[PDB]
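Visitor: generate coordinates for the sequence data below:
(chains A, B, C, D, E, F, G, H, I, J and K)
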Amino acid sequence: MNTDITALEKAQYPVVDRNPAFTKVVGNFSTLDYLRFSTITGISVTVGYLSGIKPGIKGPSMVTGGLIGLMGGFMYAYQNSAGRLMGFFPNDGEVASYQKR
Amino acid sequence: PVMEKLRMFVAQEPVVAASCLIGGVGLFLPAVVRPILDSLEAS
Amino acid sequence: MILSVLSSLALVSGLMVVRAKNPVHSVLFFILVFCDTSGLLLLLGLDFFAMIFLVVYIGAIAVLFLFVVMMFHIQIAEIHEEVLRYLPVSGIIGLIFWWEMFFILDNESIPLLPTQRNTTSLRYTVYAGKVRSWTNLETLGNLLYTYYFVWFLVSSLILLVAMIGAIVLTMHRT
Amino acid sequence: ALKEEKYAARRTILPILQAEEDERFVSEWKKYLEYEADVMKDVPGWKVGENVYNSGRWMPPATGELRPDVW
Amino acid sequence: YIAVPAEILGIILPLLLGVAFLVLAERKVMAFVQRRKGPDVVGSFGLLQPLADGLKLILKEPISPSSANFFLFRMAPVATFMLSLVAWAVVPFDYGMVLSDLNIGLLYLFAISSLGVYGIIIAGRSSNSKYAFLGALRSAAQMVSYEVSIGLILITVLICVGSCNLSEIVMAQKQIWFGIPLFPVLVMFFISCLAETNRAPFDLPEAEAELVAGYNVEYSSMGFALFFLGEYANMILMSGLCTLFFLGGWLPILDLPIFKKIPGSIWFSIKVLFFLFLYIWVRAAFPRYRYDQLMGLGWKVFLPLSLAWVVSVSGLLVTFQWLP
Amino acid sequence: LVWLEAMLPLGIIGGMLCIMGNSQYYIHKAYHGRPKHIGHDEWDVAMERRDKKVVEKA
Amino acid sequence: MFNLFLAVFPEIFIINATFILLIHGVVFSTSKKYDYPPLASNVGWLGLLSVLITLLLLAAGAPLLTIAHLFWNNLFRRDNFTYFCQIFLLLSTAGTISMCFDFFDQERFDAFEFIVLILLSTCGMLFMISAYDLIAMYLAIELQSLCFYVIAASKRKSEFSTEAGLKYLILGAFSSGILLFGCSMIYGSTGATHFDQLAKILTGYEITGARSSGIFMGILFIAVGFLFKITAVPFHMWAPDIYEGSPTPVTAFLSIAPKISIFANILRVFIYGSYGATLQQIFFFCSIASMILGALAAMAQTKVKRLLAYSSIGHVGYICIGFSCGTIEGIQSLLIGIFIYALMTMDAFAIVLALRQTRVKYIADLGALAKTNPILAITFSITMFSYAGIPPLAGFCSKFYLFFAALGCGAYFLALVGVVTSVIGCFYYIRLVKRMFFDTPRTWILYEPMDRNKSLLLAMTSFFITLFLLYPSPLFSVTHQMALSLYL
Amino acid sequence: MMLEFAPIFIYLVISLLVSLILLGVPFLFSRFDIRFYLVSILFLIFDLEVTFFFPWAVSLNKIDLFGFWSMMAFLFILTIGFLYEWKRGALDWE
Amino acid sequence: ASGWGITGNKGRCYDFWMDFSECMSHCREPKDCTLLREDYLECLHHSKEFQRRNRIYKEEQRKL
Amino acid sequence: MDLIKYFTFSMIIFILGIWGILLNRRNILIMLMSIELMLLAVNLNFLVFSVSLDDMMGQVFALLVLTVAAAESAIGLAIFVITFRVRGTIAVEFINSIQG
Amino acid sequence: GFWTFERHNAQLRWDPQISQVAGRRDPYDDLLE
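Guide: Numbering: from 1, shown residues only, chains lettered A, B, ... in the order given. Now the structure:
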């Protein structure tokens, strides 16, 4: 499969890595990325618990909501980290660990 | 204590468990072993 | 000539689909239209599609229709109607559609009149594309799952909707 | 391997087959050009063997049959 | 093309003789299992019994009951018999011994199997009998249910071969027969064939003592004969398919000059005969499932396992790059 | 040894199958001069038609 | 390889969440341990959460949706226009779902599969907006339509719901076949299905004497399918019956979400394309017919749902006038009208769903509502006057552009039709205010108060309707932005 | 080449003749069960699955890992549907 | 226009389509690409070739 | 003249679907079957055009349309079944309650 | 000439990246490669 990451609208910030790997993007998670992930996971677990009381399945409903929240929170954090590393988002921190390292 | 629930599931639904294991092997080989062989070949 | 034969068989079978008094007979004449279509596809050289029309349209869809329509036990009185009064409106609509639509390719695709000369010696043959021939099956399979896989997965979503809807609308568990 | 062998044998003898086909088609095309020159005699403005393609690139004559290569 | 009908008749007529003698062979084997003799009076060793039975059916008066679907009642056995016959045009018996070397032969066979259900359903509704109709509905549902597992097993063989040509499927087993690494798949295929042929333990149409009337209860004379000949021709065909897909077709057991001496048609016939013996041995060995039980087996056992084997075989082959 | 009675119809079926193969094999070989080729593709067809000219016009 | 799928993170997430909700619902609805609990509201809340998370993922990753555009080019095309259209669609889905919980609880509609089908149709409309090829467009349209057919017959024991499902299925399949025929004709005439290839082949010639009749009829049949989809006359008669017969949440969802998705499709297939004014005349004549028929038929109605259905038909006519004129301001005003009509329709259906707990069926059932719930009667009147187009309410923008385009494009018959239809509409809208405020019936109907979700949504939509024209700049600028993203 | 289909047509003609000879020689001397619809629906779904497997199975050698995983996702969606069928009692004829 | 041929090779009319597309990629007036566009359509439908051959057939029939 | 004849075959199938709609006011099952005929005619056009233009895009869409046709037939027959169950008959006089 | 804009030229940049993919090659490149 021929692949091409070239985006339609060019990055507006220094490109630290144009196609960062999965492990590299994950290792690039900042404290803000872990804050977004934890907030989305906690809100999802809360909604699962509160919506599950009436049917009587608050536990399993918490599990289902937490799974949805874990998926969405990881997705949001990965999005932010990869976009920073590709220069689509403000990434002064990534540029610091690039000039220095 | 989810270690005998799997035991009861295998006892009660042997065909389903066998199907899951067979398909799981079929999915595990290309997801895990194939990248291992690809990485070994390059080096 | 063979196209004329298949066209005539399909025309009569389709008329029978839309005009049979008994709907079961309408489903069986629909199977005859699909067999005729499969023959046409074989003439086109598309054997996979010719076989898949048998497997899916006759083997699965028409069986669904037959199962449902047989268990309905429809009495002729509930669906009968004299259709002589529809000759004029059908005449007008069919004539308009015929003239506008059976000749839609004539201006764009002007036919080659068959001359009284062997124009079959002017067939140039290229052996480069004949060294390794692809079947219609391999040509389709080269594209479905890689370069147009999103449409493939959306079709799967359509099928999942079909399953869920079938259950939610008709299921009465015992 | 057995199939690759067959395909390799097809590739080494392709040029002679293609050359013979090219010669046969050129002779047939000359015959049809002279037939057209005779039939379209006394037709003002005609051009014997005019290319309908503006770019002038050569294409085989179209047959009017949808799938003749499968029969 | 002037010689084509000669080949076609050289296929069809021996097939009809083989069907007539498969019925005799089943009666002889079931009898021998049961400490009896089976047909042994009409001809030496009962060998003229099929001729007598066929001639009897020919002379028997056709009833053609006072139904409102007389054309469909008579056309239903003709449809199923023609379908049973036409599957043999693509079957190879040896290298080059095949009428039509279809490149899409596997899918063609699947299409024929899918078409087989119509004779049974039309017989039920056209017979003007509630008992024949409910039996035909059950039989049709069972056949379509086991078609799914048959198709998924066919896909597994296709992944191993990478071509729908039956001769190529045979010649792909020169290194090893597919029945050795795919033995559970072969067992599933043989059971799915049993259920697809309406054969014991899945023979609902024979369960008259079970208050379950068959789809052909209102048929007499040669309509009934055509249904019977179609079913037995399908049994022979299923044995042939089991042979081709899993037992190397016309290939010898070992690639040695001593085995290569006898013709591949003899190898193919021997393997087909072994599966035809299993069809009868199973009929003689076991009782039959209820309709609900066999439907549960079809949708809950054989489909999941067939899907699992497709996934496992394809994943292993793409992993180690062993694809055709 | 009474069980050989049952091996007669089975042998007859096997012979019928061998006939189904061989009879169509020999009729085709007689009419076409050579046995049927499995895998006749576009290339094999192009060869046969060209060979006809290459033979008849020589 | 993984990073290429950043272009489809929202769809991947929402599809996976829908699968999770399907499994959760089926596993616990069949459970004897929990006494087979109804899960429509539990799954509904989790699905509202999933929709909101999808909206966050889409909104935040605005540049990333255009990543790997060459690789994804033959499947879809994401840009500014699709970005804002999809955000609007997700917001509409979230509001519609939020209005369903009282219906689930008090009616006892316990089917969680209703939520799953709504989520799958939302995935379908997401794919419709980003479709950039006839094949993808058709497939996404069909996924959407199949979900709608199933949910319209969700009350499977009701005569009305089954009838609506049947009429919907038959007429929708008919129109879909017509549209597919159009696509086949276009493909045969041009050898292309991608929208860029179609744009190049068609540009510069339109009807130059030697006109491809195949391309003409392909455009015609595709337009017929689109006009069926937007409930435009004469391909409209399904909509009032289906709207009335479906369950009221289904009607609410159908009156908003599918219009956004198909107008996105219409703008990308034709405006981005190239042909004669023939198609513009098609939409012009359909707009005029829609205004006239909608106005008169709404005047004839005695039931609330049918009145809202015919009102929507009239307003799509008003909207399609903006497509016909073929200017940047035409597209801007079409987008503004769609936005304002969506908000107003959500307001009206929140009121209708609130009153359906007491089984409101007729307009006369609203008698003495100004006495039994004064604030609710005022909120419904603000919505009705917005519908009539009376300034300074938000509904006045549609009227203003209708008349502006007509006196600019040079049309005077259109101005006359607009005047007459506006007056007729004002009459049958203020009839509802007269019923709630002026009548003194012998027998009253006392309505149960609405739940918190519908009250919050109603308060917000009522503030928007009364106050949008005080600060309308963001909508104007974002719609202008979208109109230009289509061309450049 | 479609050349191998002509013998099949002649074979069909001859088989029809034999059937007519066999069947013509002797002429000389109100209950709806939803489970059948449901089994038809499931058969239709899995028949389409077998259909999409044939091009894939013959094409595994060229699509490599990408085609394998796209088919896997297709199967995953359809198997979620099948699990929904199982849990709702569509596979039980009791 | 897609370039995928029905026999596993480049489509018959793909080169004409491309040349048309490169032309339109920098010519601001679409009339600058008319010749290549009608070449692509002629490859698609063979309309002018068949029309000219039908002219030849007509003249032969007239002179017979 | 091959292409025009294939196209007129598809044309007659489409026209027969239109006629089945026109001629079956009291038979909604045949209305559904006429719609299926129209969908087959379009599927054939894509295949014929794909062969005619030497382009594979027609065949991909032909397969996907077959999937759509299957799903639409399944759901349509489900809606038919539930309508029949509620009313006990299929006559069109019992599916006309919504009007105006 | 909106068709000149780079957003409307995706095939012109994508297709050359797959010009060597089996299924869309000129038959002669197989003979000389």
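
Visitor: contacts only, for the residue nearest to residue A:7 when sequence neighbours are not counted.
Guide: Nearest residue to residue A:7, sequence neighbours excluded (CB to CB, 6 or more residues apart in numbering or on different chains): residue G:67, at 4.4 Å. Using the backbone N, CA and C atoms, a C-beta is placed for each residue, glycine as well. By CB atoms under 8 Å, 6 or more residues apart in numbering or on different chains, the residues touching residue G:67 are A:5, A:7, A:86, A:88, G:3, G:4, G:6, G:7.

Visitor: determine which two of the residues you listed are furthest apart.
Guide: Spanning the widest gap among the contacts of residue G:67 are A:88 and G:4, at 14.3 Å by CB to CB.

Visitor: and these two? Which one has more around it.
Guide: residue A:88 (25 against 16; other CB atoms under 10 Å in any protein chain shown).

Visitor: so what's the backbone phi/psi at the more buried one?
Guide: Dihedral pair for residue A:88: phi -80, psi -20, per degrees, to the nearest 10.

Visitor: the nearest residue to it once chain neighbours are set aside and chain H, how far apart?
Guide: Spatial nearest neighbour of residue A:88, chain neighbours left out: residue G:63 (4.5 Å); criterion: CB to CB, 6+ apart. Residue G:63 sits 26 Å away from chain H, going by CB to the nearest CB, to the nearest Å.

Visitor: so residue G:63 makes contact with residue A:86?
Guide: No. If you go by CB atoms under 8 Å, residue G:63 and residue A:86 don't touch, sitting 9.1 Å apart.

Visitor: can you tell if the longest helix belonging to chain H touches chain F?
Guide: Secondary structure of chain H read by DSSP state H shows that its longest helix is helix H:34-87. No. Against chain F, helix H:34-87 shows no contacts by CB under 8 Å from any CB of the partner chain, the least distance being 15.2 Å.

Visitor: for chain A, what spans make up the helices?
Guide: Secondary structure of chain A by DSSP H: the helices cover A:22-27, A:31-52, A:58-85, A:92-99.

Visitor: could you export the host helix or strand of residue G:93 as CSV, CA atoms only?
Guide: According to DSSP states H and E, residue G:93 maps onto helix G:80-98. What follows is helix G:80-98, C-alpha atoms only, in CSV (Å, rounded to 0.1, in the frame of the first residue of the first chain):
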residue,chain,number,x,y,z
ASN,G,80,-13.9,23.7,6.0
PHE,G,81,-17.4,23.2,4.6
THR,G,82,-17.7,19.6,5.7
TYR,G,83,-16.1,20.5,9.0
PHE,G,84,-18.8,22.9,10.0
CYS,G,85,-21.6,20.9,8.4
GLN,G,86,-20.6,17.8,10.5
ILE,G,87,-20.3,19.9,13.7
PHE,G,88,-23.9,21.1,13.1
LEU,G,89,-25.1,17.6,12.4
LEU,G,90,-23.6,16.3,15.6
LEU,G,91,-25.2,19.1,17.6
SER,G,92,-28.5,18.3,16.0
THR,G,93,-28.2,14.6,16.9
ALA,G,94,-27.3,15.5,20.5
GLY,G,95,-30.3,17.8,21.0
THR,G,96,-32.7,15.2,19.4
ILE,G,97,-31.4,12.5,21.7
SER,G,98,-31.7,14.7,24.7
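
Visitor: for it, buried residues please.
Guide: Of all the residues in helix G:80-98, those buried under the rule 16 or more other CB atoms under 10 Å in any protein chain shown are G:80-86, G:88-98.

Visitor: the residue in chain B positioned nearest to chain H: neighbouring residues, count only.
Guide: Closest residue of chain B to chain H, CB to the nearest CB: residue B:30 (6.2 Å). Look at residue B:30: counted by other CB under 10 Å, it has 21 neighbours.

Visitor: how about residue E:3?
Guide: Using other CB under 10 Å, the number of residues around residue E:3 comes to 13.

Visitor: mind checking how far it is from chain I?
Guide: According to CB to the nearest CB, residue E:3 and chain I sit 31 Å apart.

Visitor: excluding its backbone neighbours, what's nearest that residue?
Guide: Nearest non-adjacent residue to residue E:3, counting by CB to CB, 6+ apart: residue F:31, 4.3 Å away.

Visitor: which parts of the helix or strand hosting that neighbour are buried?
Guide: Residue F:31 is located in helix F:7-32, with elements delineated by DSSP H and E. By 16+ other CB under 10 Å, the buried positions in helix F:7-32 come out as F:8-10, F:12-25, F:27-28.
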